[PDB]
Every structure is written in C-alpha cells, then in structure tokens.
Amino acid sequence: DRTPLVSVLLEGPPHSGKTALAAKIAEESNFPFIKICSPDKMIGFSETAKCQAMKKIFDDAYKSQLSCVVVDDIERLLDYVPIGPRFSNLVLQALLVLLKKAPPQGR
Amino acid sequence: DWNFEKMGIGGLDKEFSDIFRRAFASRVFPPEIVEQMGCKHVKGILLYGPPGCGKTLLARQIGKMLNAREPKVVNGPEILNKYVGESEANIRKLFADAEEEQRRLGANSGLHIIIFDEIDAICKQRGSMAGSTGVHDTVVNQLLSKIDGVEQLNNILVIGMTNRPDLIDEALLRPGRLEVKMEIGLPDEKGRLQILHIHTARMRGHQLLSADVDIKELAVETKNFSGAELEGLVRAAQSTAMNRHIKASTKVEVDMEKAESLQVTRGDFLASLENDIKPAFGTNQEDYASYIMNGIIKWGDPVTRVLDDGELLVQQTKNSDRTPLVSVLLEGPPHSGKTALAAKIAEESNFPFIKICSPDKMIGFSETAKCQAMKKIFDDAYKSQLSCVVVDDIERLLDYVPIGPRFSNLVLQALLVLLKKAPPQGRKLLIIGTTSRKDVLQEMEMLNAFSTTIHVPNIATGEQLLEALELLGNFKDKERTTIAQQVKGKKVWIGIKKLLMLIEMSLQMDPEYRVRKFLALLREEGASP
Ligand SMILES: Nc1ncnc2c1ncn2[C@@H]1O[C@H](COP(=O)(O)OP(=O)(O)OP(=O)(O)O)[C@@H](O)[C@H]1O
Ligand SMILES: Nc1ncnc2c1ncn2[C@@H]1O[C@H](COP(=O)(O)OP(=O)(O)OP(=O)(O)O)[C@@H](O)[C@H]1O
Ligand SMILES: Nc1ncnc2c1ncn2[C@@H]1O[C@H](COP(=O)(O)OP(=O)(O)O)[C@@H](O)[C@H]1O
C-alpha cells in the first residue's frame, strides 16, 4: 500500500539469456496488462520518435489497475559506443524522469 | 462451389475461401435469420503484399460477385493538395452517391464499394520516421468520421490496399472499422503454371502457337517470377518472334505457305527469358560479370579452404531448424581481393534471391538515405524462402577516417540492430560481410555480433608468384627462368590486384627491358610486415 512503484534490474555477461528470463517472469505474474518495448521495432527512428513512443506506451499503461512494462537492451536504446563516448542525452533524461514517477492515486 | 479459377483469377484460390469465411458469412444466408439476429456486416477489409502480385483483380471480382454498382477507383497520392482544407473536400466527395441512396431508398439500397490505393500515403505515422511528412494529420481523422460518427451509413464497403503494412495508423484497425487483414504472397510452381496457361489461351485457339513449345519447362524454369513478369515475357516473346519472322521474310523470298504461318517457336521464349525480363525478386546474372572481371585462378591452398568453409556454411544454413539466421565475416589486408571470393561463394549457392548492397550506387547520399536503403533491401529480402545479401565494404559505409576519429552513429546502430533480427517464422537468411580493418572494427564492439571469421592471406613465396604468372601466361621461358633466378631470395609480399597492375605497367615497353623494369618495380615495393 505504501510502495506503489517498484523497480528491478537484470545484468550479466553477453549471451547469458537475460531477455528470456525477463519475459518468463513478466508472463508468470498473471496481470491484466503487459507490454514490451523492444528497440528492434524502431529501426532508423530519431530520438524524438523514441521518446514519443516511450511516453505513449507509459501513458497507455497508466490507465489500468495493474501493469507490467518490460524494457529490453537498455544500453542499446541510448546509442552507446565505447569510442567517444556518445549517446542521446534526451532519451536518458526522459527515462530517468519516468523511473521515479508514481501513477495516479490507487494504481 | 466457385468456378472463378479459369476466368480472371488464376493462381490465388485459397484466399477467396479464407476471405469468404472470415468476412462475407452474413450476406450468403437468407435475410430472415440475419434480420432476426440483428447483427451488422463488416465495413471493410485491408490487403497488403508485394508490388504486382495481383491485388486489384481481387477487389474487382469481389465487387462483381456481390451484385454491386460500378466501383469508384481512386489513387492515394492523387488526393493531396497544398491548399488549406482542400484534401477534405476530395475525401468527402466520394460518398455522395451513398448518402443520396441512403436518404432516398432508406434501408433497401444496394452496395457501393470504394477502392483506395496506397492508403499508406495519407497517414501521420510516416512523420515518425526521419523527415517532415505530417501530411496535415487532420486528413485521416476526416476519413474516420465518414466510416463512423453521429451519422450512420449501412450500405458501404471499404477495401484498402497497401504496400508498407507497418505504416498504417493504429486507430484505423479497431473494431467497427477496417477489421480484417490478409496477405498476398508470391505464387508457387502450380500458380506459375496456371498463370502461364491462362495468359496463353488466345494463341492456342488459332493454332498460332507452335507445338514445339511446352509449358512445364517454362513453369519450372521461372523460379521467383511475379504476376506482371509473366505477361511481360509473353508480350516480349510475341514481339521478338514477329520481328524475327518479318526480318527472315525480308531476307529470303520464301514461298507464301510459310509467309502466312507465324509460329512463335520456342527459341524466342528462351531468348526473351534470358535477355529481356529482369525480375526484381530474382537473381541478376548481369551484375556478376561487373565484379568477377578475371575469373578465379588457384594459386595456393587457402582459396580451397575458404571455398570449402563457405560451402559448409551454406549447407548448414540451408537445411536446419533452431537457427534461422547465420553470419560470417571476411578479413585481410588491402588489395587482397575479397569481394570476388564473396561474390563467387554467394553465386554458388544457387539460391533464388541474391542481392549486393555496396556504396557503388550510394555517392552523395545523406546518412538517412543510407539507413532507408539498407532497411528497404533487408525488407525485400525478407519476402523469400531463401535469400543471400552481400554487404560490400563495412568501413566505407560507416564513413571512417583515422583522424578524429569520426563516423555516423545512426548507420552503425541500424546495422547492428538488423544483424540480430530473425525473419518471420519458417524463412531463412544469410549475411556475408567484408572489411579491411579488423582492429578498429573489434574496438567498435561489433565483432561480437558476427558468428564466424575467415582469413584471406596474400602471396608470400616465390614459387607461388611463379605459378600465378604461369597461370596468367604473360612471360616466356627464358624470361620465367630469369625471374625465378632473381626472385629466389623469397622476400615477396604483394597483393593480387597490385600484381596485375604492375604486370600491366611493365608490359608497356619494348620486349628487351620488360624483365628489368618489372624486377625494379617489384623490389621497390619491398614491404616487410
Ligand atoms: N534456462 C535458460 N536460460 C536462458 N536462456 C535459455 C534457457 N533455456 C533456454 N534458453 C534459450 O536461451 C535463449 C535466450 O536468448 P536471449 O535473447 O534471452 O539472450 P541474451 O543473451 O539475453 O540476449 P541479448 O543479445 O539481447 O543480450 C533463447 O533461445 C532461450 O530459448
Ligand atoms: N583468386 C583470386 N583472388 C583474388 N582476386 C582474383 C582472383 N582471381 C582473379 N582475381 C581478380 O582480382 C580482382 C579482385 O578485386 P577485388 O574487388 O576483390 O579486390 P579487393 O582487394 O577485395 O578490393 P577492395 O578492398 O578495394 O574493395 C578482380 O580483378 C578479380 O578478377
Ligand atoms: N493471379 C493472377 N492471375 C493472372 N494475372 C495476374 C495475377 N496477378 C496479377 N496479374 C496480372 O497483373 C496485372 C495487374 O497488376 P496489379 O495487381 O493491378 O498491379 P498493382 O497491384 O501494382 O496495381 C494484370 O494485367 C494481370 O494480368
């Protein structure tokens, strides 16, 4: 009741099989609303498009009584690369703001 | 039990039964029971597929059977204007007949069908991609207000056609609106046979076609042809046969008997198939001669190793489950002659769909155009049972220069994402890369994405050079003996392309000084890795 929002992060070496475990744990919940936001469905998009998609998906999730949102391959969304380094600041700021926002009362 | 198989349709027989079961179940039963139930009819359907797989004929036949009035064809790009609030008038004008009939006859009017085309043209989803194509989103909303809204229409049916099923607004697929999807994929052997049979009914009746020609041979030979290509082949064959006959008649004053006869024969079909028609979804034999300029000569063991490994990979990818995607990379020093070997191994697969994407056709394009072209090529490749895509030079695509360093991030991300996306269920794919700087490429963290690597070495021994020259055959016996004597030091490190260029340079003088000039040039390039 006093902790309406929760977060959990999975990390490990490459080719360890993280996405499958995330999908399984999301499925086992039996919640009425579930959604996955993969990067492969935004090929060639610009940062504004990605932020708009994230905002739309989270807004849609806000309207239920229980929900589960999966975000896959976080490092890939930011457009990271060891040389440089380089990345899109806007996406990171948007995600940081999201990850500590509570839904309306009673959800 | 329908009978359309032989009149206009031809290949596509199951799609009719599927669409009839899914959509028109209500209009085939006596009206009494349906009016007792009080259910409504579907208010439209959507179609998507390759450009020229026979979509319009489906709509025309469906309209004809239902005993409806004349369809009101219309095109997508045509309905667009730069003036404020002028597209909406065009959209509204379409339904006028439907409204008039509804007003006058009440609930007993017939059926009117409106056929859009390239409906994806008018949509605000395209603006999401890189560009400015908001197309005044308002437009689409207007359309909705005619299908549904305060006023109710019950004598309409909307059929939509599209080529990019991922660019359709999500709001245009909810219940009560366009709510039935279907796919129209490429034909098969039987479909090709039926299409060729139906398009060749005219000549058979008049005995004009020769008895020599068969239909099974042409059916099997055409692997991945589409609808329009078959009729194009027929027309080209007719034209070439007529031209040959008239030219032969002009050359020789043959008796009348043969003059009246205009048998098309079989040679015209083969010539036209092999020379005129270039399928968009099939192998292009012409491009191969543009890359393998001088064939392949076996100067050492490694070539056989590379060819064998490529054949092994091809066999593994052909027949196997649990692994529908395969990747491989080629590495070597500059001028090692990589592209030719990759093209050869791709050609030897005998696959139906082979494509080569190189910066050759991509000068002056902006990065966004590059990503668009890459996505288009891969999307096209996705629409075949087997495919083989070649990426010519990874380094040039990324726009890499050691100073800086500098490069385009969007293309790198797009390529990395694409390399790890399996095709739809039950279809295979193969990807082959090529580069000349593996150190930077590994530093960029992409070498982990590929699944295997191969090495292409250069020439490093004198006897190898002697064998290469002998196979090329440009030096005489005493010249070869002198070259062998002078090259016994064994300090040779050169590439094949450089060797050919240097031979051409050396052969530009009188025969007396060829050997000395060639040896001087070879020693001048004294590399020592
Ligand atoms: N117990 C298991 N743990 C992990 N993966 C499993 C397990 N059992 C089967 N698998 C298979 O492992 C693969 C997991 O692929 P997945 O995309 O999750 O890997 P990954 O290394 O997390 O990927 P990514 O490249 O996105 O980091 C799937 O084929 C799944 O079927
Ligand atoms: N066995 C062979 N190996 C390599 N090249 C060969 C062989 N036989 C003939 N050639 C000729 O060598 C040339 C190979 O050119 P290719 O485009 O492959 O060079 P490359 O070093 O891969 O080029 P780049 O790195 O600049 O793209 C062509 O002329 C080809 O005809
Ligand atoms: N299944 C088929 N059977 C016979 N002809 C076909 C078939 N599919 C396409 N065609 C040929 O294609 C032509 C129509 O092409 P169409 O499908 O209208 O192209 P588009 O979809 O780009 O408008 C016709 O001349 C027709 O002969």
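Residue numbering in chain B adheres to Swiss-Prot, whereby the residues present occupy positions 212-740 in order.
Placement of Cβ uses the backbone N, Cα and C atoms for every residue, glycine included.
Noted in Swiss-Prot for the protein shown:
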- B:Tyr259: phosphotyrosine (MOD_RES)
- B:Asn505, B:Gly506, B:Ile507, B:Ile508, B:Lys509, B:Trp510, B:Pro545, B:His546, B:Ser547, B:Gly548, B:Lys549, B:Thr550, B:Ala551, B:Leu552: ATP binding site (BINDING)
- B:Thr550: Mg(2+) binding site (BINDING)
- B:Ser569: phosphoserine (MOD_RES)
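The two recorded residues B:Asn505 (ATP binding site) and the residue listed as 'Mg(2+) binding site' have their Cα atoms spaced 13 Å from each other.
Between B:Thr550 (Mg(2+) binding site) and B:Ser569 (phosphoserine), the C-alpha separation comes to 10 Å. Cα-Cα distance from the residue listed as 'phosphotyrosine' to B:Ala551 (ATP binding site): 38 Å (rounded to the nearest whole number). For ligand 2, the neighbouring recorded positions among B:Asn505, B:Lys549, B:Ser569 are B:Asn505, B:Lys549, by Cβ distance under 6 Å. If you compare every pair of Cα atoms in B:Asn505, B:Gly506, B:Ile507, B:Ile508, B:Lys509, B:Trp510, B:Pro545, B:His546, B:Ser547, B:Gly548, B:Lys549, B:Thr550, B:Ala551, B:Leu552, the residues listed for ATP, the longest distance is 20 angstrom. Cβ neighbour counts within 10 Å, taken over all protein chains shown, single out B:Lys549 as the most crowded of the binding-site residues B:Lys509, B:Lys549. Taking the Cα atom of each, B:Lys549 (ATP binding site) and B:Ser569 (phosphoserine) are about 14 angstrom apart. On a Cα basis, the residue listed as 'phosphoserine' lies 26 Å away from B:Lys509 (ATP binding site). Annotated pair B:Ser547 (ATP binding site) and B:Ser569 (phosphoserine), C-alpha to C-alpha distance, rounded: 18 Å. On a Cα basis, the residue listed as 'phosphoserine' lies 17 Å away from B:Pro545 (ATP binding site). DSSP assigns B:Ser547 (ATP binding site) to coil in the three-state reduction, outside any helix or strand. Neighbour list (the residue listed as 'phosphoserine', Cβ cut-off 8 Å, at least 6 residues apart, same chain): B:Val601, B:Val602, B:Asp603, B:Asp604. DSSP assigns B:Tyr259 (phosphotyrosine) to a strand. Remark: B:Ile507 (ATP binding site) has B:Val514, B:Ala551, B:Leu552, B:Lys555 as non-local neighbours, by Cβ distance under 8 Å and separation of at least 6 in sequence.
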